[PDB]
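The block underneath contains the structure these notes are about, expressed in structure tokens.
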Amino acid sequence: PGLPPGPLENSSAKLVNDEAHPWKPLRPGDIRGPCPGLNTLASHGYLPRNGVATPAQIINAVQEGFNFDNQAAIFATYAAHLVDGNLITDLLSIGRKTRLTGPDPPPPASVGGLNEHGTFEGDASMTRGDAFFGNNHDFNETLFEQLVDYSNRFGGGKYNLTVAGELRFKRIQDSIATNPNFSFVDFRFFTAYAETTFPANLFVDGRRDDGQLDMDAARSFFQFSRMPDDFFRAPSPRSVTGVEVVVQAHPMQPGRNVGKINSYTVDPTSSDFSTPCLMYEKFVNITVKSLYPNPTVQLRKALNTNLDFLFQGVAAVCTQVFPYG
Ligand code: HEM
Ligand SMILES: *[C@@H]1O[C@H](CO)[C@@H](O)[C@H](O)[C@H]1NC(C)=O
Ligand SMILES: *[C@@H]1O[C@H](CO)[C@@H](O)[C@H](O)[C@H]1NC(C)=O
Ligand SMILES: *[C@@H]1O[C@H](CO)[C@@H](O)[C@H](O)[C@H]1NC(C)=O
Ligand SMILES: [Mg+2]
């Protein structure tokens, strides 16, 4: 494993849809997944265009192409790699499971790519459906039209944090009413709120950086993995700034439906925004450990290295935990 890249030496706004990074359509076999950010980076060649990359490639791409901040890039990338990537080959698919990540570790590890439900990906996504409905990764036109509708009703036609606050809650209520397996606890509880800020913070041209995303740009990223022509990245590093506005609109407790629709039951063992270090500890002690309960020597070494890297991204002042000693 390579060391996590450091922050950008020069984090100014600049043209990122440039001659060295043209958009190209998918070739047969090219993988795209539930993340429009990574999808766009792959479709512009900031990441390998086949959608399989190393963690260091992913961190460099999100920083260079979008100005995602270093700590957020490290946390998200190593969390995804630990639960969805191949720790021996250092490869992660940004979408479906593929033999391109190499020989698989033993069960119960899945190495299922970012499409794997319940590890990183989860319910109440904005433009992707819940896994229970058949497809947790492809762009959904009905769901995007609802994002456009909420942008028209709360953002004057643009997506901003006010729209994020309303749409986030709508998608939660929709999942409670229709997905008997809806889960909204721990890691997904955090990412569901965080990801609603990214279109306002990172898909808005950095020469404006006004938090107002137009629907042409929104469709370009969410559906076609394509930067607008002449797109300038954000003018400074960021990730979740403004997530407080989304939470404040409709504060929620972590929980899940319990096998039936309209059965949302709070989980008092879940972490929440008052316990960010618990989210990290449960991710390592329960999610990662459940995939790798008794690893052999080479896997244990790779796990420990990637867990050290994950810890570098932990933003709360937290204590590191060591599931393999
Ligand atoms: C740094 C590494 C990253 C990783 C590992 C990652 C991974 C993911 C995954 C697995 C999802 C699916 C969560 C869900 O079920 O909705 C997701 C969603 C999302 N990501 Fe990323 N991502 C990263 C960076 C970024 C960046 C840099 C951007 C923007 C420039 C971005 C924008 C988004 C958005 C907007 C969503 C929500 C999609 C939706 O709900 O319709 N991500 N990401
Ligand atoms: C998209 O989402 C809508 C609304 O949840 C759902 O009815 C539909 O089956 C999904 N799939 C496609 C391919 O549109
Ligand atoms: C979103 O846009 C609406 C309409 O322009 C505005 O009232 C609201 O303050 C905006 N929210 C932001 C910028 O967070
Ligand atoms: C995680 O495991 C460590 C021991 O490795 C323990 O000290 C810590 O309390 C655990 N955290 C949880 C279960 O949240
Ligand atoms: Mg999802």
Side-chain angles (χ1 to χ4, degrees), residues 16 33-41 46-47 53 55 57-85 92 94-95 113-131 133-147 159 164 167-168 171 174-175 178-179 186-188 191-192 194-204 213 218 221-223 227 233-234 238-240 269 271 275 277-286 288-289 313 318-325:
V16 286
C35 179
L38 300 183
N39 287 348
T40 298
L41 294 167
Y46 282 96
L47 285 173
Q57 286 177 315
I58 291 166
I59 294 162
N60 278 319
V62 300
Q63 296 186 156
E64 181 79 7
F66 281 119
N67 230 332
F68 210 61
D69 67 270
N70 184 245
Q71 192 185 68
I74 289 175
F75 190 80
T77 301
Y78 290 109
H81 185 54
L82 280 162
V83 299
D84 290 337
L92 171 60
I94 68 169
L114 289 190
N115 283 11
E116 188 77 18
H117 176 73
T119 51
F120 191 126
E121 188 285 324
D123 300 331
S125 296
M126 296 183 283
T127 65
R128 268 67 179 165
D130 289 5
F133 301 127
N135 188 325
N136 69 350
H137 48 276
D138 290 321
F139 171 83
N140 183 300
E141 182 59 35
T142 297
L143 291 182
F144 184 73
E145 279 173 9
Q146 170 167 255
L147 182 147
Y159 182 96
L167 184 59
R168 159 55 43 235
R171 292 294 298 133
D174 286 345
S175 285
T178 60
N179 180 0
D186 290 315
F187 191 75
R188 181 52 190 161
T191 63
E195 283 153 13
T196 70
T197 73
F198 294 166
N201 290 341
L202 301 154
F203 288 169
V204 172
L213 176 65
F221 285 118
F222 276 109
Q223 175 162 28
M227 289 171 175
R233 65 175 188 193
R238 81 282 300 276
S239 51
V240 301
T269 73
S271 53
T275 51
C277 294
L278 181 60
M279 185 274 290
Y280 156 71
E281 290 195 19
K282 292 190 74 189
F283 185 79
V284 173
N285 288 9
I286 295 165
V288 175
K289 189 84 148 47
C318 298
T319 295
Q320 190 170 0
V321 294
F322 303 94
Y324 304 109

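Counting starts at 1 for both ligands and their atoms, following the listed order. Residue numbers run from 1 in the order of the sequence given. Hydrogens, waters and symmetry mates play no part in the numbers below; they use all other heavy atoms, side chains included.
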*Quick one: salt bridge (charged side-chain N to carboxylate O under 4.0 Å, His left out) partners of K289, sequence neighbours excluded?*
none
Pairwise, report which nitrogen or oxygen atoms of ligand 1 are under 3.5 angstrom from protein nitrogen or oxygen atoms, and how far apart they are.
| residue | atom | partner | partner atom | Å |
| --- | --- | --- | --- | --- |
| ligand 1 | 15 (O) | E121 | OE2 | 3.3 |
| ligand 1 | 15 (O) | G122 | N | 3.1 |
| ligand 1 | 15 (O) | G122 | O | 2.9 |
| ligand 1 | 15 (O) | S125 | OG | 2.8 |
| ligand 1 | 16 (O) | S125 | OG | 2.5 |
| ligand 1 | 16 (O) | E195 | OE1 | 3.3 |
| ligand 1 | 40 (O) | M126 | N | 2.7 |
| ligand 1 | 41 (O) | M126 | N | 3.4 |
| ligand 1 | 41 (O) | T127 | N | 2.8 |
| ligand 1 | 41 (O) | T127 | OG1 | 2.7 |

_Taking atom 2 (O) of ligand 2 as the reference point, the nearest protein heavy atom with its distance_ = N140 ND2, 2.4 Å
*Which ligand 4 atoms does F322 reach within 4.0 Å, using its non-hydrogen atoms?*
5 (O)
*asked:* Please work out, at 4.0 Å between heavy atoms, whether the side chain, the backbone, both, or neither of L278 comes within that distance of ligand 4.
replied: side chain
*Do any non-hydrogen protein atoms sit less than 4.0 Å from atom 7 (O) of ligand 4?*
no
*Apply ring pair (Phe, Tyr, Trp, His ring centres under 6.0 Å) to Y46 and list each qualifying residue two or more places apart in sequence or on a separate chain.*
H21
*Electrostatic pair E195:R128 at N-O distance under 4.0 angstrom*: no
*Determine, counting only non-hydrogen atoms of the protein, whether one lies under 4.0 angstrom from atom 11 (N) of ligand 2.*
yes
*Quick one: look up the protein heavy atom nearest atom 13 (C) of ligand 4 and list residue, atom name and how far away it is.*
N285 ND2, 3.2 Å
*According to the interplanar angle, ranging from 0 to 90°, do the rings of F144 and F139 count as parallel (below 30°), tilted (30 to 60°) or perpendicular (above 60°)?*
tilted
*Protein heavy atom at shortest distance from atom 4 (C) of ligand 2*: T142 CG2, 3.7 Å
*Taking atom types as modelled, is there a side-chain donor on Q63 or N70 under 3.5 Å from an acceptor on the other?*
yes
*So which protein heavy atom does atom 5 (O) of ligand 2 come closest to, and at what separation?*
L143 CD2, 4.1 Å
*Can you tell me if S175 and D123 form a side-chain donor-acceptor pair at under 3.5 Å?*
no
_Using the salt bridge (charged side-chain N to carboxylate O under 4.0 Å, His left out) criterion, which residues pair with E116? Sequence neighbours excluded._
none
*asked:* So, regarding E281 and ligand 4 (criterion: nitrogen or oxygen to nitrogen or oxygen, under 3.5 Å), is there a contact or not?
replied: yes
*Please work out whether the ring planes of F203 and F66 are parallel, tilted or perpendicular, with thresholds of 30° and 60°.*
tilted
_Quick one about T127 and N140 (side-chain donor to acceptor, distance below 3.5 Å, no hydrogens or angles considered), yes or no?_
no
*Look at the rings of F283 and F75 and say which category their plane angle falls in: under 30° parallel, 30 to 60° tilted, over 60° perpendicular.*
tilted
